[PDB]
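Asks: As a preliminary step, the opening chains of the complex are given here in situ:
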Amino acid sequence: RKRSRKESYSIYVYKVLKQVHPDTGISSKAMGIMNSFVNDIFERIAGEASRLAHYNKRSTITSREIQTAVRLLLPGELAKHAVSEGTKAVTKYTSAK
């Protein structure tokens, strides 16, 4: 009867997996690893963005701050593709306000 509602990123990870490899499944334990990975990167990027905000005496976390956080955490060519994807996402979102 009584039970809380756990919030996870399982369904969205499954959707992405279906996108990249339609005929493939993921175990529950792999799903746990993916959930931990998503949460960890969220915390890393958010923390670096928050520091970047406070360091410049700013109080709002804008897209520029997350851009710099991504530039700072990720290595090599991973940063380029990720920044491009984020830029496309924000451009699409704002173009259809």
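Replies: Sure thing, it's come through. Numbers count the residues shown, from 1 in each chain, chains lettered A, B, ... in the order given.
Asks: Next, work out how far apart residue A:96 and residue A:87 are.
Replies: Distance of residue A:96 to residue A:87, given as Cβ to Cβ, to the nearest Å: 15 Å. Heads up, the C-betas are built off the backbone N, CA and C, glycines and all.
Asks: Tell me which of these two has more neighbours.
Replies: Neighbours of residue A:96 and residue A:87, each counted by other Cβ atoms under 10 Å, are more numerous for residue A:87; the result is 12 against 6.
Asks: element containing that one?
Replies: helix A:76-95 (DSSP states H and E).
Asks: Extract the C-alpha trace of that helix and format it as CSV.
Replies: Presented in CSV, the C-alpha positions along helix A:76-95 are these (Å, rounded to 0.1, in the frame of the first residue of the first chain):
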residue,chain,number,x,y,z
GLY,A,76,39.4,17.0,-25.6
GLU,A,77,36.9,16.7,-28.5
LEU,A,78,34.1,15.7,-26.1
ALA,A,79,33.8,19.3,-25.1
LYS,A,80,33.3,20.5,-28.7
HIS,A,81,30.5,18.1,-29.6
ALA,A,82,28.7,18.7,-26.2
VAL,A,83,28.9,22.4,-26.6
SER,A,84,27.6,22.2,-30.1
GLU,A,85,24.7,20.0,-29.0
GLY,A,86,23.8,22.4,-26.2
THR,A,87,24.0,25.4,-28.5
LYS,A,88,21.7,23.7,-31.0
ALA,A,89,19.2,22.8,-28.1
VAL,A,90,19.1,26.4,-26.8
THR,A,91,18.8,27.8,-30.3
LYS,A,92,15.9,25.5,-31.1
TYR,A,93,14.2,26.3,-27.9
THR,A,94,14.4,30.0,-28.2
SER,A,95,13.5,30.0,-31.9
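Asks: in it, what counts as buried?
Replies: Residues of helix A:76-95 classed as buried: A:82-83 (neighbour count, 16 or more other Cβ atoms under 10 Å).
Asks: quick one: residue A:44 and residue A:21, what's the gap?
Replies: The spacing between residue A:44 and residue A:21, counted by Cβ to Cβ, is 26 Å.
Asks: residue nearest the centroid of chain A?
Replies: Geometric centre of chain A, nearest residue: residue A:42, 5.6 Å, by Cα atoms, centre = their mean.
Asks: Against residue A:66, how distant is it?
Replies: Counting by Cβ to Cβ, the gap from residue A:42 to residue A:66 is 11 Å.
Asks: related to what we said a few turns ago, using the three-state scheme, assign the residue nearest to the centre of chain A.
Replies: helix (DSSP: H, G, I helix; E, B strand; the rest coil).
Asks: Put this one in as chain B:
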Amino acid sequence: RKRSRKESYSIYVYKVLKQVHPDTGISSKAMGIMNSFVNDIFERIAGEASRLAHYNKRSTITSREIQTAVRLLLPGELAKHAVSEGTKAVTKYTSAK
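Replies: Alright, chain B goes in next:
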């Protein structure tokens, strides 16, 4: 009406130095080092307390949270002495009310 004000921990560090060694002086670079040390340890303990408040779904930072943060961060016997000093300080403060 320009008036710069750079807040620092120099005066308090000097007071403590005289308390623990009256016939001693501190160089400006030494005072900068002590300033950095104080700020670093403050950030460490405060951030650990913030993290603890989040895990337990607690919306406030109380003396218990700082105590647990100190226990986590500081090593060895420096933890026992620091916690004893904190408990003595808090009991002295409350007894004054």
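Asks: Once more for the buried residues of helix A:76-95, now including chain B?
Replies: A:82-83 (16 or more other Cβ atoms under 10 Å in any protein chain shown).
Asks: And for it, what's in contact with it?
Replies: The contact list for helix A:76-95 (Cβ atoms under 8 Å, 6 or more residues apart in numbering or on different chains) reads A:63, A:66-67, A:70-71, A:74.
Asks: Run the chain-centre distance for stretch A:36-54.
Replies: Relative to the centre of its chain, stretch A:36-54 is centred 9 Å away, using Cα atoms, centre = their mean, to the nearest Å.
Asks: again with stretch A:15-22
Replies: Taking Cα atoms, centre = their mean, one finds stretch A:15-22 lying 17 Å from the centre of the chain it belongs to.
Asks: Stretch A:87-97 now?
Replies: That offset, for stretch A:87-97, works out to 17 Å (Cα atoms, centre = their mean).
Asks: what does stretch A:42-61 give?
Replies: Here stretch A:42-61 is found 15 Å from its chain centre; the criterion is Cα atoms, centre = their mean.
Asks: thinking again about what came up before, neighbour count, distance to residue B:8 and secondary structure added to the contacts of helix A:76-95, as a markdown table?
Replies: Output for these, formatted as a markdown table (neighbours: other Cβ atoms under 10 Å in any protein chain shown; distance: Cβ to Cβ, whole Å; DSSP: H, G, I helix; E, B strand; the rest coil):
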| residue | neighbour count | distance to residue B:8 | secondary structure |
| --- | --- | --- | --- |
| A:63 | 13 | 34 | helix |
| A:66 | 18 | 32 | helix |
| A:67 | 18 | 33 | helix |
| A:70 | 20 | 34 | helix |
| A:71 | 13 | 32 | helix |
| A:74 | 17 | 36 | coil |
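Asks: Closest to residue B:10 out of those residues?
Replies: Nearest to residue B:10 among these is residue A:71, at 35.7 Å by Cβ to Cβ.
Asks: residues in contact with that closest one?
Replies: So residue A:71 contacts A:79, A:83 (Cβ under 8 Å, 6+ apart).
Asks: ok, it to residue A:8 distance?
Replies: Using Cβ to Cβ, we find residue A:71 at a distance of 28 Å from residue A:8.
Asks: Give me the neighbour count for residue A:31.
Replies: Around residue A:31 there are 16 other residues, counting by other Cβ atoms under 10 Å in any protein chain shown.
Asks: typo on my end, residue A:13
Replies: Should you count by other Cβ under 10 Å, residue A:13 turns out to have 18 residues around it.
Asks: and it, what element?
Replies: Counting by DSSP H and E, the element that carries residue A:13 is helix A:10-20.
Asks: Chain C should go on the structure too:
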Amino acid sequence: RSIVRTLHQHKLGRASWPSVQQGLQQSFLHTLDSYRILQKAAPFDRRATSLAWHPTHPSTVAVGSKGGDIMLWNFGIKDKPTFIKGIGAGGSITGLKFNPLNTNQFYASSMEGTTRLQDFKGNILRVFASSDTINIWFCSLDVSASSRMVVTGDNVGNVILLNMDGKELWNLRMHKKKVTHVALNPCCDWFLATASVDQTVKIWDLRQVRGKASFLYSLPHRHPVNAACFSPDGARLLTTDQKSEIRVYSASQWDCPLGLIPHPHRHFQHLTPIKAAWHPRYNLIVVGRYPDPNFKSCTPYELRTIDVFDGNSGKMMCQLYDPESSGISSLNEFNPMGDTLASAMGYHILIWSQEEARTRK
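Replies: Chain C added:
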């Protein structure tokens, strides 16, 4: 290519004066590469700051030192060049110009804040301006004999205009910052162009502008401007900026520039500001080079050389470089005859003349 065929072709009158001038200029460039030899040089205490050519005498050159020393150097005489010692602290002669009437005097603008008329023998005749106050000095200076006017600028942006006998009616501020150069046109005698650190050049007509900084035009510039010099014919204004750009403006539509000539002459506290100069009897522009790691240089050799361009086409035509003088040639002023070039390197003054003509018996 048709080195000698063109002059005879002219002589019949088939060629107009401009084509003859073009040919003579080409001959000048062709001979310029034999000038490479440095005939003479001379030391004195500190960095050289000012260079002035004797209007008539073709061997007398005047150079000032950052410490207030003035040297009259007539080449080939070995007369122990006249030297006037200075204070040495802030006596820098920011600008030197002979008195057109009596060549034995000169108009010298100094960091003291005193643009003065002084005889080369040493005695000071008369001081034209003195703003006192220490953090107010004079930087610019120009004299027009035709109208007998003397113009001098200040460090703040207020220029002064004085007669050769005094009675200034001027001192109206025209720039928000230091006024670097003021040039009185040779052809006309009433309109003046001034370059400042405000990053703007303003052209005035002293006979008609008196209404609270009423300027004929404003010439915006991306960076500070060091010099704004007119062609001897007075039909072109050559403007030198501080990072890398040279602009030429014609009397037709003063505002727009004829050509942008990229050239590295970056600024330095301890370097005499680099100034491009006009060739008295041709359409050539002479200016030194100051290499930059960030500047775009296609050639594999990045050397400190005195470049020569052409006023119209805006392309390089010749370069001067002789090792053993690899310093930075801040100033470069041609001899009025156009035969000798005098350069102001740091602590050394260079003359790029050549030997004489055929020998007698």
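Asks: picking up where we left off before, could you report the separation of the residue nearest to the centre of chain A from residue C:29?
Replies: Taking Cβ to Cβ as the measure, residue A:42 falls 69 Å from residue C:29.
Asks: cool, residue C:35 as well?
Replies: Counting by Cβ to Cβ, the separation of residue C:35 from residue C:29 is 11 Å.
Asks: neighbour count winner among these two?
Replies: Legend: neighbour count by other Cβ under 10 Å for residue C:35 and residue C:29, higher for residue C:35 (19 against 14).
Asks: wait, that one sits on residue C:322?
Replies: No. Residue C:35 lies out of contact with residue C:322 (Cβ atoms under 8 Å); the separation is 9.9 Å.
Asks: Relative to the whole chain's centre, how far out is the helix holding residue A:87?
Replies: 12 Å.
Asks: what's the answer for stretch C:299-314, then?
Replies: 18 Å.
Asks: same thing with stretch C:331-341?
Replies: Using Cα atoms, centre = their mean, the offset of stretch C:331-341 from its chain centre is 10 Å.
Asks: Show me the domain layout of chain C.
Replies: Following automatic domain parsing, one gets these domains for chain C: C:1-32, C:39-351.
Asks: Residue C:206: neighbouring residues, count only.
Replies: For residue C:206, using other Cβ under 10 Å, the count is 18.
Asks: separation between it and residue C:236?
Replies: Per Cβ to Cβ, residue C:206 is found 20 Å from residue C:236.
Asks: Could you do residue C:282 as well?
Replies: Relative to residue C:236, and taking Cβ to Cβ, residue C:282 is found at 13 Å.
Asks: cool, residue C:109 as well?
Replies: Distance of residue C:109 to residue C:236, given as Cβ to Cβ: 25 Å.
Asks: neighbour count winner among those two?
Replies: Neighbours per residue (other Cβ under 10 Å) separate residue C:109 from residue C:236, with residue C:109 holding more: 27 against 19.
Asks: State the three-state secondary structure for the more buried one.
Replies: strand.
Asks: For it, name its beta-bridge partners.
Replies: residue C:95 (DSSP bridges).
Asks: what's near enough to touch it?
Replies: Contacts of residue C:109 by Cβ under 8 Å, 6+ apart are C:93-96, C:115, C:138-141, C:152.
Asks: The same query, at a cut-off of 6 Å, please.
Replies: Taking Cβ atoms under 6 Å, 6 or more residues apart in numbering or on different chains, we find residue C:109 in contact with C:94-95, C:115, C:138, C:141, C:152.
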